[PDB]
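# Topology and contacts: notes
Read off the chains here:
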Amino acid sequence: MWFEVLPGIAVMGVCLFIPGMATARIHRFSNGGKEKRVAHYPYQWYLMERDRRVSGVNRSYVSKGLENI
Amino acid sequence: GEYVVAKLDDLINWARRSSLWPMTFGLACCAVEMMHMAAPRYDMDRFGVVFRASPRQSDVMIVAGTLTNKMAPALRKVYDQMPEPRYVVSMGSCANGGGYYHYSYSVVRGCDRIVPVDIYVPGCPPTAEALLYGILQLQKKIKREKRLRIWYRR
Amino acid sequence: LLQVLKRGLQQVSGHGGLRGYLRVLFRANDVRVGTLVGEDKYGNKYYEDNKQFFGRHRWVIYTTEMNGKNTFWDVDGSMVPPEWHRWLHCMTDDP
Amino acid sequence: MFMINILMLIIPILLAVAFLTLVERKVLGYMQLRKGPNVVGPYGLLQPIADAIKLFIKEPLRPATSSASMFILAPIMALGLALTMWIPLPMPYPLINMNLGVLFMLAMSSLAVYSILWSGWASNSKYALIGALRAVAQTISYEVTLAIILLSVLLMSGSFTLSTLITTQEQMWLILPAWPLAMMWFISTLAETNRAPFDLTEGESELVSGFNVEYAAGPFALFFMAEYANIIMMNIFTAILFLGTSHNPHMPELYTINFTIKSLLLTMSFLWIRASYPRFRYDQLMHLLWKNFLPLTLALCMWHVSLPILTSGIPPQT
Amino acid sequence: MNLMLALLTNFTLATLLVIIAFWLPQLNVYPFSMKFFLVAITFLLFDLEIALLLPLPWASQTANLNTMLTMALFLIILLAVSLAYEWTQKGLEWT
Amino acid sequence: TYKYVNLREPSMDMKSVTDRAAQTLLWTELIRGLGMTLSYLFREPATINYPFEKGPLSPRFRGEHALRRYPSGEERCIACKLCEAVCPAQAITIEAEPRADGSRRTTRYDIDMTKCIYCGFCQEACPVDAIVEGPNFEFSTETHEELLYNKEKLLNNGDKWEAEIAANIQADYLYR
Amino acid sequence: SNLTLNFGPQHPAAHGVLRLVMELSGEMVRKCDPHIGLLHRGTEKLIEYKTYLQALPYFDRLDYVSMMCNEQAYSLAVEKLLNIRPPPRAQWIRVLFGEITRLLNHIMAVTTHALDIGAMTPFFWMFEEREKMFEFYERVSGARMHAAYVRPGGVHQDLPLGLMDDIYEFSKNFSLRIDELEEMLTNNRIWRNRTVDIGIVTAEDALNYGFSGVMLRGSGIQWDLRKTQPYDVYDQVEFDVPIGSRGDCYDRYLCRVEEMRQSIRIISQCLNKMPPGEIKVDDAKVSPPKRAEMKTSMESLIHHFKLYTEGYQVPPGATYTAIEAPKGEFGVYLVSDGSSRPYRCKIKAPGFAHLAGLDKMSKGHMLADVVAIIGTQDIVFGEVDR
Ligand SMILES: CCCCCCCCCCCCCCCCCC(=O)OC[C@H](COP(=O)(O)OCCN)OC(=O)CCCCCCCCCCCCCCCCC
Ligand code: SF4
Ligand code: SF4
Ligand code: SF4
């Protein structure tokens, strides 16, 4: 019956699911639980460099708020 | 030692009998029954025997029909171009030993005068099921191979 | 769709649990449940199901040992004895 | 963690390709009133493994090659390029977020014809070179409409970033405003990947005595994996381009499931199409491109330049 | 850097899968055509004008839309005229 | 009486012209073909599970040869050579002499199964139902020599398959 | 440039092997030189060493897709020389299985034509139908293909009880299967691009080149031997002859599909008009007696003995007998010298003259069209080479 085709489809589906899931999880792991910053243009890059300086630990994804005022 | 060689033989034998890609020489009426083995009732693809296989990608040659003298050199050439391991299944009386045309001036009296044969499938033609029995018999022949066992004891 | 899933579960129970269900799946690539028509003296078991279409309505589950040969994985059509050969190939209706 | 990320892209691709072969054979089987692989493993789940092992222990064909350098380059180029096209794909996050990711994919795919050309050049057979030249001429012809169609669609997106196509389709799939381009895009990917009814390389080599494989079983399997990796990639790209999936930043896995389903269905439609039609004649698929798709794509490229301006629906630049 | 590392991995793996696939299995012992040139040349000339069309998604942001739309349409029309010229001169024939 | 398979005038009214333009541009008849293959995807396949399931055959089936006996165990063959005379392939070879008890019996009875065309003329010709084509079709071999049957092999085939052979003859002999 | 086509496709194909030597200029084919004899097995010489009965199985193996039709052609030729007549029930059975054989041939012709052009799927659907028709062959003769069922004097055995009901159940559903095939091909623009205006042959040329069957009717010639020179009981059934208008591959494809429908129409009448009676001529000097008679009556035993050793003698004479076989006019020029073995048996295979016209029909076409033209001729090299 046709549903006997599904196990191969499901295996194929899992293999295509892993790359997208892995990338998302690895980004959160590397970026303090947040999305990886997108810096396509000099403005965005300048702010990312500034955030590195402000963090105090050399990580752009470490954010500082009012507590530093 | 012997245990590791024994299991490697099982693995490679399993892979080869599970992926038998045939080159069919559809020479005469026996080829019709070969087509019926590919047809839905028997579906040789479901055993891993692919439908369309190029001669240079083939593991088994099926000689399905009468072999004439005019054709014999071309059949040998295709066999010689087959990469190894390679097996030959002779299907039907004509290919097996000349059959109805055994006494003809223009017919090779069995394809085993031109190529080594692994399985002889009898009938004129063998039914599609009889051919499938022969292919399954070739699979069990491959299962009994002990290539690495022999090599280890050289 | 739930009734199809139930019939799927019925096949596991109809093959004596998971172990028997897996055994027939790997030996015969089929997990259908049929009526037992009989068993020959070599251990082959013959089943029928007349709701299946012609061709699939009779089958044999080969014995695991015949004439001193381990046939758990290696089975072939020549293992069917002549008295059952006629019934299995639908040359006759009576087993 | 990045090297780990690359492996979690490469290795799953090769496994998907391996099991696409099983899916193709079973889907083609059931459309043909049969089953396809169901003995080697349950439901044929071990068939790709058996095929892989078998092909790599097969006796290698002796390469009567006229150019050793280009003989080994071609499979490396094909497989390396195939894996390279996946690194900007947003699923929903790309491995490499490229500002000009669309141009990267356009530029990298344009190099894929070098493996076709180098392999036929190295074959040391006049028949193989003619077939390679025929395959290249078909590939570059359909690259023309793929590029123009892609540009036309980007006039609704405003950017060359692939992730911006997700934002563009936040309310509606782009297939609605651009279904005429979607149909020609879909057929063009079939012709680009030499897929039936455009499988002229397989079709023509069957007829011509002397147009053979010329690669050993192992190296020829590397060509096959590259081709099927491209088939899945082209259908992932088609899903991103025309069937945009909504992205929830806090639940990225939800996007991946839905976008994976669309990619699988589009990939299966390639199999569906292969089961349904006869093959084009070579001159007939060239006429389909130069005398049909190209005139329509040019007129639609003009339309899609004008439409955002005349509706005041010009997308943002960033 | 990340991009170069990804590129190195992809082709290094491809090189490795090809080298062993070309070497390890060896351990197991046992009429120039003018029509085809002209399709290539036609592809090249169309490819060049595709290059001139690629910046269009950025050109539509200009405050000078009148000029931008005219030049965009002018370029695509000259492509249509190029195809029309080849067509009417039997440059797209195969017989 | 004859009919035309392809002699039709397409209508040139605007509605019909636009039906054909819609088919050309929207690929309607190609979509229709996709519908047909999709419907087959959801049909039960025709494949049977060989060797656990077998293709149906009839009592008349012409398979592997066998030499038969009377209920007492005596051979039916009396070396008349009608089968050898009629055989279209000259596949049968017979020699005979008086048996020690005076019976007319063969000392050689060979069938070259690679000459045989499995036509059943021998069993038609036989006057005493001695040579038959049995129901077996699964006797492929690994060597050519195994298919050159002598009398002992054919008698062993008869003793092996008589249970099925006798029932099949009972089923079909009133048609002969 | 010079080019040689491959012996056969890379999927199972049952037409035989052909060496096609071609001359090309660019895409266009300028010359086609088929090199045959790769399946020449000297059948015509072997027949001279056989009795008339012993030679009958050779005709199963000529056009081995149309077995019983070839048997009918040979049987009619011998019956004519013998001056005897097969009984009416045998004639109806011969027409019934002649049309079942036409269905078998046309499925193979149409679907392998499509398969070689790249349309693989219909081959699988319609070969399940072929498998069921093989069962009808096997139930009357014990063989799926080479039945050796139709013989001079009638048929070998009567239909088993219950067979006609099963033929009815099959026929009831077959037109739907044809419709599914037409859904895939008839209106398909790719199929039409591969066949329309390909291999055009004029009515005048078709006649002079020796064509027959659909190769004539595709060009508008109104000719069918079942209508014009009827044999057996074809004069007692109603059916239409499909006629083409363009003389190209597409029209010939339509003719073959419509002929399948007419074959079902004929089978329907055969199932309803089947008469009772004996199935072989009641002349024991030609047709062997029943086994019960052979085992009881002295005369029957003698005639059984002589028919299976010497065979019947045929009066001296020569005949050219032809039928409308599925591939075209299939005939035998049979010479009898008065003995029980034919002196000469020339076989007229319709595909022989059709293939000889491949060079004419392929002029001004491309290489891929050569495959389509070979398919539209429906060539089996058992009958071409003999
Ligand atoms: C308000 C104003 C707005 C302005 C814009 C208005 C637009 C109006 C026009 C809309 C219609 C445009 C449609 C564009 C699609 C392309 C049409 C086309 O090219 O079809 C013609 C082509 C050739 O067909 P042919 O019969 O040979 O024509 C004779 C040529 N001498 O035929 C073909 O291409 C057939 C291709 C054969 C291969 C097809 C195999 C697969 C088919 C099934 C796939 C279905 C599509 C799935 C799409 C998925 C998308 C993700
Ligand atoms: S063995 Fe019989 S069926 Fe096979 S090719 Fe010879 S004659 Fe034809
Ligand atoms: S079946 Fe026919 S060919 Fe075979 S032995 Fe009997 S008479 Fe001879
Ligand atoms: S098998 Fe029958 S026909 Fe042949 S020699 Fe014996 S008795 Fe006579």
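Residues numbered from 1 in each chain as written, not as in the entry; some residues may be left out. Chains lettered and ligands numbered in written order. Part of a larger assembly, values for the part shown. Heavy atoms only, no water.

Looking at the method and resolution fields of the entry, one finds cryo-EM and 2.4 Å.

Of regular secondary structure, chain D possesses 12 helices and zero strands. The order of α-helices and β-strands along chain D, N terminus first, is α-α-α-α-α-α-α-α-α-α-α-α. Computed over its C-alpha atoms, the radius of gyration of chain D comes to 20 Å, within 12% of the 20 Å expected for a compact globule of 318 residues. Dimensions of chain D, computed from the C-alpha atoms along their principal axes, are close to 65 × 45 × 45 Å. As displayed, chain D has an accessible area near 10,100 Å², and 70% of this comes from carbon and sulfur atoms. Distance between charge centroids for chain D: 7 Å, based on 15 positive and 14 negative side chains. (Helix = DSSP H or I, 4+ residues; strand = E, 2+ residues; numbered from the N terminus. Rg over C-alpha atoms; globule rule 2.2 N^0.38 Å. Areas by Shrake-Rupley, 256 points an atom, 1.4 Å probe, with all protein chains shown as cover. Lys, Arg positive; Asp, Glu negative; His and termini not counted. Charge placed at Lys NZ, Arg CZ, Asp CG, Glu CD.)

Contacts are most numerous between chains D and E, taken over all 15 pairs of chains that touch. There is a clear gap between chain A and chain B: no contact, and 12 Å between their nearest C-alpha atoms. In this view chain A stays clear of chain C, with the nearest C-alpha atoms of the two still 11 Å from each other. (Contact = heavy atoms within 4.5 Å.)

Inspection of the region around ligand 3 gives F:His65, F:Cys87, F:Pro88, F:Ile92, F:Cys116, F:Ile117, F:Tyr118, F:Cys119, F:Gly120, F:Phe121, F:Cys122 and F:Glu133 as its neighbouring residues. Looking at the shell around ligand 3 residue by residue, the classes come out as nine nonpolar, two polar and one charged. (Near = heavy atom within 4 Å. Nonpolar A, V, L, I, M, F, W, Y, C, P; charged D, E, K, R; others polar.)

Looking at the element boundaries, G:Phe239 is found in the loop between α10 (225–228) and β6 (241–243). For the pair G:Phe239 and G:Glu183, spaced 56 residues apart in sequence, the C-alpha to C-alpha distance is 24 Å. When near neighbours in sequence (up to four residues on either side) are disregarded, G:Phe239 contacts F:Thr1, G:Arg226, G:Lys227, G:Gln262, G:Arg265 and G:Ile266.

For the rest of this paragraph, the subject is the sheet that holds strand β8 (residues 328–336) of chain G. Residues and elements named next belong to chain G. With antiparallel pairing, three strands are arranged side by side in an open sheet as β7-β8-β9. In the strand order of this sheet, the two ends are held by β7 (317–325) and β9 (344–348), each with one partner. Pairwise comparison of adjacent strand axes, ignoring direction, gives a mean angle of 10 degrees for this sheet. Inspection of the sheet shows β8 paired to β9 by five bridges, in the antiparallel sense. Paired with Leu334 across the bridge in β9 is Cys345. The strands touched by helix α2 (residues 52–60) within the sheet are β8 and β9, with β8 carrying the most contacts at an inclination of about 160 degrees. (Pairing = 2+ DSSP bridges. Axes fitted to C-alpha atoms, helices over the stretch in contact; angles between N-to-C directions.)

This next bit is on the packing of aromatic side chains. Each aromatic ring pair is summarised here by two numbers: the centre-to-centre distance and the angle between the ring planes. Within this structure, the stated rule accounts for 47 aromatic pairs over all chains. Both rings, one in C:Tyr46 and one in C:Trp87, keep their centres 6.3 Å apart while their planes meet at 90 degrees; by these two values the pair is edge-to-face. Taken together, the residues C:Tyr46 in strand β2 (residues 45–48) and C:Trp87 in helix α3 (residues 82–88) connect sequence positions 41 residues apart. For the pair C:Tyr46 and C:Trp87, one class covers both residues: buried. Ring centres of D:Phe198 and D:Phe280 lie 5.1 Å apart, and the angle between their planes is 10 degrees; on these two criteria the pair is classed as stacked. (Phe/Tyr/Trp six-rings, centres within 6.5 Å; stacked < 30°, edge-to-face > 60°. Buried < 20%, exposed > 50% of the residue type's maximum accessible area, 1.4 Å probe, protein only.)

Under the criterion given, the structure shown has 82 salt bridges over all chains. Linking F:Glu138 and F:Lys54 is a salt bridge whose minimum nitrogen-to-oxygen distance equals 3.8 Å. Separated by 84 residues along the polypeptide, F:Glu138 in the loop between β5 (131–133) and β6 (148–149) and F:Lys54 in the loop between α2 (28–41) and β2 (65–67) bring together distant segments of the chain. The pair formed by F:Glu138 and F:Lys54 is uniform in burial state, with each residue classed as buried. The shortest N-O distance in the salt bridge between G:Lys327 and G:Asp63 comes to 3.1 Å. (Salt bridge = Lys/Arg side-chain N within 4 Å of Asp/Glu carboxyl O.)

All names here are of chain E. A cluster of nonpolar residues, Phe32, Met34, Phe37, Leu38, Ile41, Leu44, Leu45 and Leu48, forms a patch on the protein surface that exposes about 750 Å² of accessible area. Relative to the helices and strands, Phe37 is located in helix α2 (residues 34–53). The exposure class assigned to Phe37 is partly exposed, which follows from its relative accessible area of 38%. (Patch = residues over 30% accessible without salt bridge, like charges linked within 9 Å, V, L, I, M, F, W, Y side chains within 5 Å.)

Not every one of the 21 residues close to ligand 1 is listed here, only the nearest: D:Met183, D:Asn292, D:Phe293, F:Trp27 and G:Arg189. Mapping the residues near ligand 1 onto chains gives chains D, F and G. F:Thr24 is positioned such that a nitrogen or oxygen atom in its backbone is 3.4 Å from an oxygen atom of ligand 1. G:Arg189 has a polar side-chain atom sitting 3.1 Å from an oxygen atom of ligand 1. In isolation ligand 1 offers 1,300 Å² of accessible surface; the protein chains occlude 69% of this area. Of all the secondary structure elements, the ones that give two or more residues to the shell around ligand 1 are α8 (179–192) and α12 (282–311) of chain D together with α1 (14–26) and α2 of chain F. Element by element, the count of residues in the shell around ligand 1 is highest for α8(D), at six residues. Here the shell around ligand 1 is composed, by residue class, of 18 nonpolar, two polar and one charged. (Polar contact = N/O pair within 3.5 Å; in protein donor to acceptor, adjacent residues only side chain to side chain.)

This brings us to the sheet that holds strand β1 (residues 35–39) of chain C. All names here are of chain C. Taken together, three strands build an open sheet; the order of strands is β1-β2-β3 and the sheet is antiparallel. Only two strands of the sheet have a single neighbouring strand rather than two, namely β1 and β3 (58–61). Averaged over all neighbouring strand pairs, the angle between strand axes comes to 30 degrees, with direction disregarded.

This brings us to the interface of chain B and chain F. With 33 residues of chain B at the interface, the matching set in chain F holds 28 residues. Summed over both sides, the interface of chain B with chain F buries roughly 2,500 Å², with 58% coming from carbon and sulfur. Where chain B packs against chain F, one counts two salt bridges. Here B:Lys141 makes a salt bridge to F:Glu142, at a shortest N to O gap of 3.5 Å. Our enumeration of links across chain B and chain F arrives at 13 residue pairs in polar contact. Counting only elements with at least two residues in the side of chain B that touches chain F, the list comes to α4 (92–97), β4 (119–121) and α5 (128–143) of chain B. Among the elements that line the side of chain B that touches chain F, the one with the most residues is α5(B), at eight residues. Here the side of chain B that touches chain F is built from residues that sort into 15 nonpolar, 10 polar and eight charged. (Buried area = accessible area lost by both parts, 1.4 Å probe.)

Our focus in this paragraph is helix α2 (residues 17–28) of chain C. Residue and element names in this part refer to chain C. In this model α2 runs 16 Å from its N-terminal to its C-terminal C-alpha over 12 residues, within 8% of the 16 Å that 1.5 Å per residue would give. For α2, the full list of buried residues reads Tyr21, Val24, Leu25, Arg27 and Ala28. Immediately beyond the C-terminal end of α2, within one or two residues, lies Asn29, with a positive phi of roughly 55 degrees. (Expected span 1.5 Å × (residues − 1).)

Attention shifts here to the interface of chain D and chain E. Often, the extent of an interface is quoted as the loss of accessible area on bringing the components together. Between chain D and chain E, the residue contacts involve 61 residues of the former and 48 residues of the latter. Contact between chain D and chain E buries roughly 5,000 Å² in total, counting both sides, with carbon and sulfur atoms accounting for 83%. At the surface where chain D touches chain E, the tally comes to one salt bridge. Close ionic contact of D:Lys291 with E:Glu93 constitutes a salt bridge, the shortest N to O distance being 3.3 Å. Put simply, the parts of the chain that give the side of chain D that touches chain E at least two residues each are α1 (2–31), α2 (47–57), α3 (68–84), α4 (101–109), α6 (126–154), α10 (217–242) and α12 of chain D. At 14 residues, α12(D) tops the list of elements feeding residues into the side of chain D that touches chain E. Residues of the side of chain D that touches chain E, tallied by class, amount to 46 nonpolar, eight polar and seven charged.

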